[PDB]
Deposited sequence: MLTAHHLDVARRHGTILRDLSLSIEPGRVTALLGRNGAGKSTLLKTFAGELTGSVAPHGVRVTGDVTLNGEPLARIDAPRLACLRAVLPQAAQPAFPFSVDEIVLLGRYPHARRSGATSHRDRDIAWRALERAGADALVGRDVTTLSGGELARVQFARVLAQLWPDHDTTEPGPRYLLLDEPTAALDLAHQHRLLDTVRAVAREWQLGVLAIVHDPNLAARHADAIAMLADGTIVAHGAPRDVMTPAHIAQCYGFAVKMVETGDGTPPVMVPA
């Protein structure tokens, strides 16, 4: 598993005694108000804060399938985890084909082999991202929604099964329209179940985390203040201290958070 045990990250401490584990096959959604430290915790699971990169000091164990992250080379690490970020407007007008292929960079053997399996994976990843209509296109004529499908294609390409890995979503779901957001978190869950992949996704709408996550970690002031299935964690008292927001729950035919 991908695991933080008694994690501290530090300018004071932004993460204080934090313990969370990402389970292969299951999707863990990360909730918290702005500044709660969600994006730090995720950078920490990426390994941006531990190794020959930083002055910020980190304490406690963080573990990927059994070894401390700090002992995992950025090249090797690029094969066990991938990060789907956000503000994807590229600096130069690459093609879609090129963006996705770049996800095969940590695998390309010579240095940038672009082998035939790689062009297939790139096509099959564009397939599951639902972006295969966009083969050819200049990435700068793409709506933010199309581009967001392409970046998802590219991050799948990097994790494609070959010869347990981890996918870290950094608020991928916002600025997608409604139907789009549910589409992506459904596919993410499917991939996580099919490839035995551990997913941590930072999500804004707690109702959205409720429908698509197997597990929820509510992060309040550098610490995880609730963890577990959407049924048990999603409660008025928890939403209360995580968000300062007085809510109530309501049923359907997964239960929805509602104000007042």
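By the record, the deposited chain contains unmodelled runs at 11-12, 57-58, 168-173, 264-266, with no C-alpha atoms placed there.
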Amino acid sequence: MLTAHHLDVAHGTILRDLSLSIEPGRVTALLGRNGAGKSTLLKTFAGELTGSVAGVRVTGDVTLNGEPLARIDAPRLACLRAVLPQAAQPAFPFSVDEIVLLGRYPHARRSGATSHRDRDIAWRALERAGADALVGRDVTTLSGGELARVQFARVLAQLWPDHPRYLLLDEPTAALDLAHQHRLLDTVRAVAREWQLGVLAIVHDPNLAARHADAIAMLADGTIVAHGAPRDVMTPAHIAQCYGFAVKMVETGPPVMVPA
From here on, numbers count along this sequence of modelled residues.
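Checked against the record, the higher mean CA B factor of 105-113 and 124-132 lies with 105-113. Higher mean CA temperature factor between 244-252 and 17-25: 244-252, per the PDB entry.
Between the residues 138, 170, 146, 98, the entry's highest C-alpha temperature factor is the one at 138.
Between the residues 46, 208, 56, 234, it is 56 that shows the highest Cα B-factor in the PDB record.
When all modelled residues of the chain are sorted by CA temperature factor, residue 183 is found within the middle third. Placement of the Cα temperature factor of residue 157 within the chain: lowest third of the modelled residues, per the deposited record.
For residue 88, the recorded CA B-factor ranks within the highest third of the chain. Only modelled residues enter the ranking.
Among all modelled residues in its chain, residue 60 ranks in the highest third by Cα B-factor. In the deposited entry, the Cα temperature factor of residue 40 places it in the lowest third of its chain's modelled residues.
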